[PDB]
Number of protein chains: 2
Amino acid sequence: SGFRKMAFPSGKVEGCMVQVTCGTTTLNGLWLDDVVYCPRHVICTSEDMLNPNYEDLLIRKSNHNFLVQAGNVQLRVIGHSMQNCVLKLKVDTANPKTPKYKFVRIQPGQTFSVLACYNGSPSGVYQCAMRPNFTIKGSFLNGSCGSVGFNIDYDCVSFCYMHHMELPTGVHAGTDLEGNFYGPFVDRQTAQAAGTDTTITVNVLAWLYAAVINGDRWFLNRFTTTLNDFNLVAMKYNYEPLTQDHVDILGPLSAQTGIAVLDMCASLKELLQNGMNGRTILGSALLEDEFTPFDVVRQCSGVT
Amino acid sequence: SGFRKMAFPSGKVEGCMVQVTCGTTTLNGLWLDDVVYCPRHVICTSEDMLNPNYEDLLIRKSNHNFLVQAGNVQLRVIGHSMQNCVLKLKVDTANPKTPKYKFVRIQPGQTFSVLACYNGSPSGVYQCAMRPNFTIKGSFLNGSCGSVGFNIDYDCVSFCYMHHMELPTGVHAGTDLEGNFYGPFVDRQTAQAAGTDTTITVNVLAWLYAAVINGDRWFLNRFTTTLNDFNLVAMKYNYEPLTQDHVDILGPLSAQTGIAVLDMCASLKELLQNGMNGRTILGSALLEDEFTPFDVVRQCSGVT
Ligand SMILES: O=C(Nc1nncn1-c1ccccc1)[C@@H]1COc2ccc(Cl)cc21
Ligand SMILES: O=C(Nc1nncn1-c1ccccc1)[C@@H]1COc2ccc(Cl)cc21
């Protein structure tokens, strides 16, 4: 037992990280087959970022202006194209370490691992969730752009995120691997404010089930509630509305613990109204919302 | 910016994970060069665990009774020996993916990454700290034994921990890579209670410096304190005593932020006495103690 914020093993993604340099700007790229994917803002100078016209800036660039380095070896660029906010650099060598992969666009509330990189080299790995305001709360310094978010299904890596920027508020924004930003964010150095960061209710419930599976049961109460009554309390506390789909998703956790989803909702309702009273749940003094029901089942079963 | 509980990239350690089976027991092994390291309790039946005599149980085992599998290929065992609580299985093939490595024995308060494995396959990676009572608060299910804790210095992996067991209290115990347990624990299914789990004070301070570097400054106060006055408060709150060595270690963080260590100690003193008052620091409602000053500097500088 024990419950930890766990990331997927990162080896498969480490084998794909490369350094992309254009002019004086250096960031990370993801090398899959004979294509290197990187944020398009690699072609900008800090002076361009204020109001960049990427199509115009790109006309000034040729295959030889994009320097791609994997380890200490230089890859030859034989083509370049812009797809939304990402650049695809066709190289002459297929990545020999290319894992089985997919490009997916995740929904808010979904979690993923981030392999934070600098100059194409891995720095660390941590677990994130796509917030309901389409930002992530990462750990990203200057040069981390191009680091990716991913999930693993046995041996297939699903790439879901590519890091592009930090907003003035310190939160992070980026795209899926087709270059489309999550949320209303643009790759421009301009006033961009995030919307309300609500709590991912279904994930809090999944984490409450993980706590009961791990022996932390103090919060379990004698009450029950309805989806409508629960959602009235949830909206008041900036919690996402809970749907019958979320109740269904929690089904296996409800089955394993013998605690009906609506009973767990009433326990959570009392936690919101009464607070934690100086107590902890799985060593946390706040309600954790960055474990999906799938992450909870996965960790408590030992999927490899 | 942003501050996350970050583990080291795990690829280098994934390339070393193997499955070791003896009789009906299957656990994980670490394959470095032509040696596979695993917990010695692999030779026990659940019935033996109550009071095992490892030297006697080992006499009944031969090289061919230890089945080592790396991926889907079987390694040939040409020798076996017991070193403290670990078995070293000499195989006929050196691990081609052996990274540069060291075996280190860490001190309490030190952090490390865990690559949780099942049947020699990686399940996930998370960040731990060796508690001052020599336990770890991991996420380990049956079969996770043999999973290792490690740190990375550029390209050299320092293996510091091998998982062996869970105590009745749900906390975890294990050895360094020479088979010596951290703490007073024995690899036996017997009543083993951990001592006081105190907070790692120097790590809390390092995390308070990480918060100031990341903009969370609400807790900074107008006061200062002395090591003796601070330690009187710290002992009352089950915090580890702070030494001049810890003040020295925090030196670079103090230099970067312009906040003297003793001023940060007075801020922490007030947090202990007055509480958080419903507030958060780096999104946490409790004081985090599982980032060393080195982890803070590393994350805030982007070491790869
Ligand atoms: O945000 C950016 N990079 C970054 N990535 N993670 C954190 N930060 C960062 C670190 C420190 C301070 C500020 C930001 C770059 C710089 O300014 C822009 C403007 C637009 C874009 Cl698309 C990208 C960027
Ligand atoms: O603790 C053990 N394994 C394990 N590793 N992580 C968590 N657990 C675990 C999971 C569920 C329940 C209880 C334990 C084994 C089983 O019992 C013993 C007795 C002695 C030793 Cl040295 C090892 C073990």
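Below, chain A is the first sequence line, B the second, and so on; all start at residue 1.
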Check whether [X] gets within reach of chain A through its side chain, its backbone, both or neither, counting any heavy atom under 4.5 Å.
| X | answer |
| --- | --- |
| B:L286 | both |
| B:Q299 | both |
| B:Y118 | both |
| B:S301 | backbone |

Note to self: Can you tell whether the side chains of A:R4 and B:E290 come within less than 4.0 Å, N to carboxylate O?
What the structure shows: yes
Comparing B:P9, B:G143, B:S121 against chain A, the one with the most heavy-atom pairs below 4.5 Å turns out to be B:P9
- Query: Does A:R217 CZ have over 12 foreign heavy atoms under 6.0 Å away?
  - Reply: no
Q: Please say whether more than 12 non-hydrogen atoms of neighbouring residues, nucleotides or ligands are located less than 6.0 Å from CG in B:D153.
A: no
Contacting region of A:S284 [heavy-atom separation from chain B under 4.5 Å] |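 Backbone of A:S284 only, per the 4.5 Å heavy-atom cut-off to chain B.
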* If only atom types and distance count, is the side chain of A:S1 paired as donor or acceptor with the main-chain N or O of B:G170 below 3.5 Å? ->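 Flag not set: sc A:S1 to bb B:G170 has no pair under 3.5 Å.
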When only pairs under 4.5 Å are counted, which of [options] shares the most heavy-atom pairs with chain B?
| options | answer |
| --- | --- |
| A:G138, A:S139, A:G124 | A:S139 |
| A:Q127, A:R298, A:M276 | A:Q127 |
| A:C300, A:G215, A:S113 | A:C300 |

Taking the side chain as every heavy atom from C-beta outward, state whether A:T304 and B:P122 have any pair of such atoms under 4.5 Å apart.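 No, too far: nothing below the 4.5 Å cut-off.
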- prompt: Under 4.5 Å between any side-chain heavy atoms of B:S10 and A:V125, yes or no?
  reply: no
